[PDB]
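Just the one chain here, laid out as structure tokens, in the form deposited in one PDB entry.
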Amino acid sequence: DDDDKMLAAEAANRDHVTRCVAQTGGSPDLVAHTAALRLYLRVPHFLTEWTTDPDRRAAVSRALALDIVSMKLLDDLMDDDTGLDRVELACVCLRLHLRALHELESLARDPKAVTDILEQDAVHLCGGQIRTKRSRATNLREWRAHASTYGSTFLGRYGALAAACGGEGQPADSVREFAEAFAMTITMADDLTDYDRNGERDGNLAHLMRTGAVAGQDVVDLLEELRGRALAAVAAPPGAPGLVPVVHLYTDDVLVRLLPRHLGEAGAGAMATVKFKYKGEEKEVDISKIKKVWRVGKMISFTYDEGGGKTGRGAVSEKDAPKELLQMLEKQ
């Protein structure tokens, strides 16, 4: 029923946003574009997870959706590649944003809190986007520095706004920490998808991986860092434990589904090995050279390509077998 709350909230955000686009003279196409922004429409549900009163939660959630969609329309306006009418994009962008300020300011504890949060790192956000497009990233460090502005800072602001508007029991710092880590996991996902969905190359993480400029294991480490940052934020009292499966779902999806499209047979990291003694020598074979593998009690016995026709023999304790050997066990 948490998965059902998250679907209903997306649908309620989609309803609020499309009505507002249509009420301002948005074309059916532009309405269909905003209704299509599924994760943008759902993300506000994540940011409001700490909100105890469900009437305030639903109201903060739709107001965040308005402004996130507005900024997405501004972005479509600066790319100017949607085929949507530019006048509609501009005027609907403005209208949604002004409705969002009104609604957020109606819910905030403090009258200045909304404009304080939007102003505080405006230069970092707006100058960040300019430099992202001005100087294309050529390695992971550059990719992350850019992504921390239009991804992390972008969504952190909506985290702070969710805390400011979300009444009592909101660990402001932690809502924002969650938002910033989660946004970077999503931003990596979008780069690794939009390589092919959108034909994107310059500054694109997938292009940097395929090119050799960025190593798969560095990408895996960043994803694991972002997973751990988001998990820590959601464990801070009074806690948002409902967000734990969400964090795993998005990180795992990048690891399992998207990364492999830009790496290849080997994958990320060094080729796994089996260490054993055999006729008195120290021996170490690549999981790639291993042929047959079978269990006898807690021993794993196996054969390998030793060079030429030559077949080698070994056995190790299951305690000293890498996961990759035990996997071939299960698959033989």
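Numbers follow the displayed sequence, beginning with 1. What we label the rigid core is the largest C-alpha set whose atoms superpose within 1.5 Å from one form to the other. Only residues modelled in both forms are compared.
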Quick one: higher average CA temperature factor, 270-278 or 65-73?
270-278
Given 206-214 and 219-227, the range whose Cα B-factors average higher in the PDB entry
206-214
In terms of recorded Cα temperature factor, pick the maximum from 97, 112, 197, 248.
197
Entry-reported Cα temperature factor of residue 7, expressed as the chain third it lands in
middle
Residue 35: CA B-factor among chain residues, third -> middle
B-factor third for the C-alpha atom of residue 116 within its chain
lowest
Divide the modelled residues of the chain into thirds by Cα B-factor and specify which third, lowest, middle or highest, holds residue 144.
middle
Residue 157: which third of its chain by C-alpha temperature factor?
lowest
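The same protein also exists as the form deposited in another entry; that form is not shown, yet it is the one meant from here on.
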After superposing on the rigid core, which residue among 75, 200, 142, 218 shows a C-alpha displacement of 2 Å or more between the shown form and the other one?
200
With a difference of at least 3 Å, the CA distance of residue 261 and residue 196 in the other entry shows the atoms farther
Regarding residue 214 and residue 199, go with closer or farther for their CA spacing in the other entry versus this form, the difference being 3 Å or more.
farther
Counting only common residues, the segments between the shown form and the other one where three or more consecutive C-alphas all move by 2 Å or more on the rigid core are 194-203
